[PDB]
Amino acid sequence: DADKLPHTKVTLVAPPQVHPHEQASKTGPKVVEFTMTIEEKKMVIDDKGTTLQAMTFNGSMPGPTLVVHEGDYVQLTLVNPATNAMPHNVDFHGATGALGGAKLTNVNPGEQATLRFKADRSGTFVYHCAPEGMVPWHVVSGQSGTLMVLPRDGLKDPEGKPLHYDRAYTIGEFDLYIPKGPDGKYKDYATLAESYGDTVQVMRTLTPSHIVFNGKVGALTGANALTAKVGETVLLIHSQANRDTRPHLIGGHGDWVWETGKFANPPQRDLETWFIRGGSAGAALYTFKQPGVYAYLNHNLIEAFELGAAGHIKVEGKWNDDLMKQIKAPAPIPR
């Protein structure tokens, strides 16, 4: 009975970071309390100045990642400020009943609600907005993120041996549907409501104009690249709430991967490229063995390099000649 358990309050952090948490814990079940605020905002998504009339949890794409342990209860307060124009709600794939909670969290601007559910299954799970009659629009405009439920004794390999990560990163991939005018340029809209009709027409073609990680082309590059060091194990959480994608680390691998994202199932090893089904989140572990700049991308290479689905990981440390060596540098063909 959840009424009788201790409560803990957690402060969320912005992607691509994930808020501090324990992996294996000796703690018993808790009611874990979070709050999020919906924000409607126009946002620039590329190098040409194109805008998206966007909708978000907490002002970011994706929304922040929430972490609990199997057997905890999630208790979320969802706030829809009066500065917004539209109604919203939340559907947690990690929850059981009432359309994942959507039926119990319908909030008009100026309102809030509080939901509790038991996190009784381990894995990474998508959450997203789902207002009746308007579901695909709110999701492709930016309203999704991840709930991670860790097993109480931490992650395990197929033989039951312990696995860990030293840091976690959260990547949300967004297929966008931006309309064009008769001059062939992308349209800019003064309000969210004015974008709707034209956007639905693009959506129905099933062809995205852009596909981006974390809100914009190049979001995870330059000063905002992911970082690690040789010897460190990273967890890469990848969510796609609407469309299939195929993650790959250039010069690396997926050492242990749950591509369907559910930790009670055995992971697969040595993957070159994995698969995240539209409407889910998956998770991969990698231990860095070489320093350098890696690319992390969707391996439909058109989707990555032409449409925006790619980022960088900068890795410090010492180069290893045993794994890889330039025997002869580029030079003229001998004659």
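One-based numbering along the sequence shown.
A.B. asks: Which is higher in the entry, the mean Cα B factor of 20 to 28 or that of 310 to 318?
C.D. replies: That would be 20 to 28.
A.B. asks: Between 210 to 218 and 184 to 192, which has the larger average Cα B-factor in the PDB entry?
C.D. replies: Stretch with the greater average CA B-factor: 184 to 192.
A.B. asks: Based on the PDB record, which member of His299, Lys48, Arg277, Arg269 exhibits the highest Cα temperature factor?
C.D. replies: Comparing C-alpha B-factors across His299, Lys48, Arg277, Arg269, the top value belongs to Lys48.
A.B. asks: Whose C-alpha has the highest temperature factor in the PDB entry: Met61, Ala283, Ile38, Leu52?
C.D. replies: When the deposited C-alpha B-factors of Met61, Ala283, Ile38, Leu52 are compared, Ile38 is largest.
A.B. asks: Considering only modelled residues of the same chain, in which third does the CA B-factor of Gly197 rank: lowest, middle or highest?
C.D. replies: As the PDB entry reports it, the C-alpha B-factor of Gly197 lands in the middle third of its chain.
A.B. asks: Ordered by C-alpha B-factor within the chain, which third holds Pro109? Give me lowest, middle or highest, please.
C.D. replies: As the PDB entry reports it, the C-alpha B-factor of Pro109 lands in the highest third of its chain.
A.B. asks: Just say lowest, middle or highest third for the CA B-factor of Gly251 relative to the other modelled residues in its chain.
C.D. replies: Middle third.
A.B. asks: Is the Cα B-factor recorded for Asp120 in the lowest, middle or highest third of its chain?
C.D. replies: As the PDB entry reports it, the C-alpha B-factor of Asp120 lands in the middle third of its chain.
A.B. asks: Among the modelled residues of this chain, does the Cα B factor of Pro136 put it in the lowest, middle or highest third?
C.D. replies: Tercile = lowest for this residue's CA B-factor.
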